[PDB]
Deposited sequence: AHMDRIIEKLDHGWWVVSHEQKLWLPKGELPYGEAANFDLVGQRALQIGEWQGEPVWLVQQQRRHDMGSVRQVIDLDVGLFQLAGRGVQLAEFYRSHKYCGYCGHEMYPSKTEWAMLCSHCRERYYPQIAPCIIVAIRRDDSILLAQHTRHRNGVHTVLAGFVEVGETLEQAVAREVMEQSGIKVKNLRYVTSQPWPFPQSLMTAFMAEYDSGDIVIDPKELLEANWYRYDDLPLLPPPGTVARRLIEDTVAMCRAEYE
């Protein structure tokens, strides 16, 4: 944490209310003076290839928008842009102490908010979330979502509840949304997803039993699609798409 000088440089995440400043559609890069940031306060949130990544908690007049717009960057830098967006919301969300009502102040030694009155504190909230590609022989279960409305057929996802494992969360979400039981559950990777603050844990699984019965609150439609006859898919750069490619590349025939 520090006040920005003229000869500070790097990547500047100027963020407020889940948006960040992307003039010309790009993450600002360069010297502080080129963005009128001298004298402002910033937290260094990481480093990319020799360059500090800076979080400035500030609203600009124009070009504020979604961090999704810089998802074409190297994954490592896009994760760091998302860190800034999530940190600015973390601070905004703990202006007051939840236990106490009293105003909070930020730690100097880590990402945390401390109460001026209570002994209590908070750290940023990461929301663990499962996402699973279910295979049935030569086919993959794909579904359209009620709250999306986008023509994309994708795999099944949901937030982990308190007191449950990732494995229980997969079995519970698959059952609730689609009525099927799965076997041979297998972890493959994870992915920070700042929309607003999820951590994806990505799984493959195999069909075991049951018939597709939908919860219409979550799914408009679900079905088994043969690996070479697929519909429209979620974009590259999501673990969902990678899970579907891996499952296709598996189908061995």
| item | value |
| --- | --- |
| Deposited positions without coordinates, collected into consecutive stretches in sequence order | 1-3, 255-256, 259 |
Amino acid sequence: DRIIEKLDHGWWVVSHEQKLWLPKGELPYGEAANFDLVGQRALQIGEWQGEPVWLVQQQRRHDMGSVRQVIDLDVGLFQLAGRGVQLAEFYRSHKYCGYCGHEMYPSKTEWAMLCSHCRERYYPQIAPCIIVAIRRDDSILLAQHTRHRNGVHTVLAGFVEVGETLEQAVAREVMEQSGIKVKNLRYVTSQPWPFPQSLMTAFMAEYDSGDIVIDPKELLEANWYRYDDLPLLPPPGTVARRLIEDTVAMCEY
From here on, numbers count along this sequence of modelled residues.
{"query": "Higher-scoring stretch by recorded Cα B factor average, 29-37 or 66-74", "finding": "29-37"}
{"query": "Higher-B stretch (mean Cα B-factor, as the entry records it), 124-132 or 173-181", "finding": "173-181"}
{"query": "Highest recorded Cα temperature factor - choice among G84, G163, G151, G158", "finding": "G151"}
{"query": "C100 - which third its CA temperature factor falls in, relative to the rest of the chain", "finding": "highest"}
{"query": "Position of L232 among the chain's modelled residues by C-alpha B-factor, lowest, middle or highest third", "finding": "highest"}
{"query": "Chain-relative CA temperature factor third for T189", "finding": "lowest"}
{"query": "For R241, the third of its chain into which the C-alpha B factor falls", "finding": "lowest"}
{"query": "Where the record places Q44 (Cα B-factor, split into thirds across the chain)", "finding": "highest"}
